[PDB]
Amino acid sequence: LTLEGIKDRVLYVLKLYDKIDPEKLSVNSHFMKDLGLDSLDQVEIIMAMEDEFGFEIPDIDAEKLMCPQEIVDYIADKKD
Amino acid sequence: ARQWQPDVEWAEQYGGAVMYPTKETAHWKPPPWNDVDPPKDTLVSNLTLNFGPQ
Amino acid sequence: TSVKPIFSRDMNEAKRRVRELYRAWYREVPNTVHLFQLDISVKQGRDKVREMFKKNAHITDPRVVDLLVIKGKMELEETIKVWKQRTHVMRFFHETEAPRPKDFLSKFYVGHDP
Amino acid sequence: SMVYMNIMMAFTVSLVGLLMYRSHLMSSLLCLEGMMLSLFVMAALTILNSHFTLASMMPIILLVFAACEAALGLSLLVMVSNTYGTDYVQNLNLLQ
Amino acid sequence: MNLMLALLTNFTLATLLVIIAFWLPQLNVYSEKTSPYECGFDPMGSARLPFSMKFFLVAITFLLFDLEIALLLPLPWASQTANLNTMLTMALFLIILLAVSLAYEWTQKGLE
């Protein structure tokens, strides 16, 4: 239970994908308006949380996240 | 009222897991108030034989 | 357009439905690679799926997208179980078939206007 | 003679480290039924040369309980695998 | 001293003929496709061996009926004897003691 320890987990996911994002570990990558992807390609990125840190990805929130700020914040009230 | 100190904490300090007297160790488990059946895992997907082009 | 739909209504329940089953196929690539005893690299099986969904993105209409769902929904019966004996899966990977020229001058030597 | 030392050396098929350990508990119930014939034989060598004429009914009765005993113990070892599927003696829940 | 040379002939003739069939005329180094085939006329069986209750009670029930035929075994040797009212009335006991163990279990067998 650490708010920074979940900021760890979100911020080594993105470059571990060998595709688009070039080492941009900013929180302000806004995913097809700042960073830039396809509409399909984001759907892969959300799925990594089941085996990395453990999670469900329940609902329409995956259509909503769009930035690693919002990824941490929904993990934030999920756990602590 | 007045008579003595029958306080709440005398129930939790005697609170039943292991009665840690002089230290805290690897406690057991808050043992079940009902009869003791936590580990219910008994299931199998039954055999899928094809008596086909046999 | 006076006809009832299948599942969706207009452009939003459809384009969250197609994103649902992609998470099934992404999970069920590294299972069949050992469930059939087929020896390739696991990243090949993920490349074919992300190839396949980009093929149909020229649609400007609902219930056509919903028709492709039903085909995509059905294949997870056979593929996640064992109904294809190692051979109906490997037809997506055209290993045997010779390469096509696809450039003008190489067609002109061999073949009467394909 | 030496026909008793072997077999009194062979009574050490208990050996208690391998009488309940390690896992696959069927390996431990094995030497519980195999600890017999180190008692069934060690009795039979003594009643037979020294003609007792009556105590040789006792090796017949020595099997009859230990078969019924171990059969009971094998009933419960299904019940540990009926709830799990694996016996695995490093199952422990009820502390001591 | 032939009992014991009445069977070691019979087993060394037995193990002779199996290695002149499994070994010798065999050695399949050619094509011998031992690939994923040979799976007993089927495919991959991802399930293990499941428990079957109705095929366990058949093992235990036999074992408890098997014991007291060995008690029942020296009945022909119990003929040329002394006092025989005892010998008859005790021989009839064990059979009934085997018979009741049916009738209690006979009210619940299952699809055996």
# chains A, B, ... in the order shown; residues from 1 in each chain; ligands from 1
$ interface_residues --of "chain C" --to "chain E" --cutoff "10 Å" --atoms "only C-alpha atoms" --output "list in words"
residues 35, 36, 37, 38, 82 and 85 of chain C
$ residues_around --residues "range 67-76 of chain C" --least-positions-apart "3" --cutoff "8 Å" --atoms "only C-alpha atoms" --output "NGL selection string"
:C and (17-18 or 21 or 25 or 63-64 or 79-81)
$ write_last_selection --atoms "C-alpha atoms" --output "mmCIF file, in the first residue's frame"
data_model
loop_
_atom_site.group_PDB
_atom_site.id
_atom_site.type_symbol
_atom_site.label_atom_id
_atom_site.label_comp_id
_atom_site.auth_asym_id
_atom_site.auth_seq_id
_atom_site.Cartn_x
_atom_site.Cartn_y
_atom_site.Cartn_z
ATOM 1 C CA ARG C 17 -18.049 -4.483 -28.597
ATOM 2 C CA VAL C 18 -15.261 -4.930 -31.137
ATOM 3 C CA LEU C 21 -13.307 -9.515 -28.141
ATOM 4 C CA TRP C 25 -7.916 -13.083 -28.760
ATOM 5 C CA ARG C 63 -25.136 -3.755 -38.257
ATOM 6 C CA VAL C 64 -22.494 -4.497 -40.858
ATOM 7 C CA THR C 79 -10.235 -22.071 -31.131
ATOM 8 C CA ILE C 80 -10.331 -21.894 -27.319
ATOM 9 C CA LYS C 81 -11.493 -25.507 -27.246
#
$ residues_around --residues "residue 32 in chain A" --least-positions-apart "3" --cutoff "10 Å" --atoms "only C-alpha atoms" --output "PyMOL selection string"
chain A and resi 29+35-39+41-42+66-67
$ residues_around --residues "residue 62 in chain E" --least-positions-apart "2" --cutoff "12 Å" --atoms "only C-alpha atoms" --output "ChimeraX atom specification"
/D:67-68,71 /E:55-60,64-69,98,101-102
$ residues_around --residues "range 44-56 of chain A" --least-positions-apart "2" --cutoff "12 Å" --atoms "only C-alpha atoms" --output "MDAnalysis selection string"
(chainID A and resid 1 5:21 31 37:42 58:68 70:72 74:76 78:79) or (chainID C and resid 19:27 46 49:50)
$ select_by_dssp --residues "range 56-107 of chain C" --states "helix (DSSP H, G or I)" --output "list in words"
residues 56, 65, 66, 67, 68, 69, 70, 71, 72, 73, 74, 75, 76, 77, 78, 79, 80, 90, 91, 92, 104, 105, 106 and 107 of chain C
